[PDB]
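Peer 1: my sequence and its experimental structure, below.
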Amino acid sequence: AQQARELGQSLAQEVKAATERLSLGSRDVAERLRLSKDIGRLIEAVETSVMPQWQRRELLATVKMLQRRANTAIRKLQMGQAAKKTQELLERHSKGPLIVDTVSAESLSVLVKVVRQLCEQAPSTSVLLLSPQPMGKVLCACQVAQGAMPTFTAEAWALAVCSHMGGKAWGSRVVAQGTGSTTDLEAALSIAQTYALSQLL
């Protein structure tokens with residue numbers, strides 16, 4: 001009873017600290033993700049915690065706000081880094097029919113955002129990108145232009161790509177993503193561009 005109320009008060013104080021941290025925000029995306037996870041776990045604990053109902057649900061309101069602004073913030077920061085790298089690749093490539101290259105990324109979400117921005121700004125171009133990860137792992141994301149032939153499907157594209165790397169692929173005809181592991185990146189890049197060109201007839 002009293003102990004539960006005290007714990008709830010501590011949680012609220014903790015909640016206040018978390019909110020302050022959020023206002024402050026964090027430069028590292030990883031720390032932003034960690035904060036969102038702390039929000040989810042904390043809300044789950046409050047859900048089954050013992051305390052007066054009014055305070056419990058009032059705090060639930062505050063913390064749900066905290067999660068919305070936290071997740072919105074992390075999504076914005078990923079959009080920022082993805083935009084910067086997207087411009088970095090835009091400066092040196094021509095808007096050809098097909099652009100197949102590699103870009104350094106920290107997570108697959110950011111890579112996907114790069115592909116979507118790139119296709120949004122170059123509508124008549126199909127895109128595939130690979131990201132090297134430590135310890136030999138490799139990520140893949142690709143998107144096919146809407147104007148492109150329907151015979152060209154992204155899922156089969158990344159399907160062959162990761163299929164050569166022994167990985168896995170998933171998506172739809174328009175967008176696809178996958179994982180693999182291979183020493184030579186130019187082999188996967190060459191297979192992707194070869195296949196895609198073979199379809200683009």
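Peer 2: On my side now, so go ahead. Numbers count the residues shown, from 1 in each chain.
Peer 1: so what's the nearest residue to residue 167 once chain neighbours are set aside up against?
Peer 2: In this structure, residue 167 finds its nearest non-sequential neighbour in residue 180, 3.1 Å apart by C-beta to C-beta, 6 or more residues apart in numbering. C-beta here means a position set from N, CA and C on the backbone, and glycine is covered the same way. With contact set as C-beta atoms under 8 Å, 6 or more residues apart in numbering, residue 180 has these partners: 137-138, 140, 161-162, 164-168, 188.
Peer 1: pull the longest helix from the protein.
Peer 2: helix 53-90 (DSSP state H).
Peer 1: just the C-alpha atoms of the next helix or strand after it, please, in CSV.
Peer 2: For helix 53-90, the succeeding helix or strand toward the C-terminus, using DSSP states H and E, is strand 98-102. Provided in CSV are the C-alpha atoms of strand 98-102 (Å, rounded to 0.1, in the frame of the first residue of the first chain):
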residue,chain,number,x,y,z
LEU,A,98,20.0,2.5,-62.6
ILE,A,99,22.3,3.4,-59.7
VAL,A,100,24.0,0.5,-58.0
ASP,A,101,26.6,1.3,-55.3
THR,A,102,27.4,0.9,-51.7
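Peer 1: I'd like the next helix or strand past strand 98-102.
Peer 2: helix 108-121.
Peer 1: that following helix vs strand 98-102, what angle?
Peer 2: Interaxial angle of helix 108-121 relative to strand 98-102 (axes from the mean of the first three to the mean of the last three C-alpha atoms, to 10 degrees): 150 degrees.
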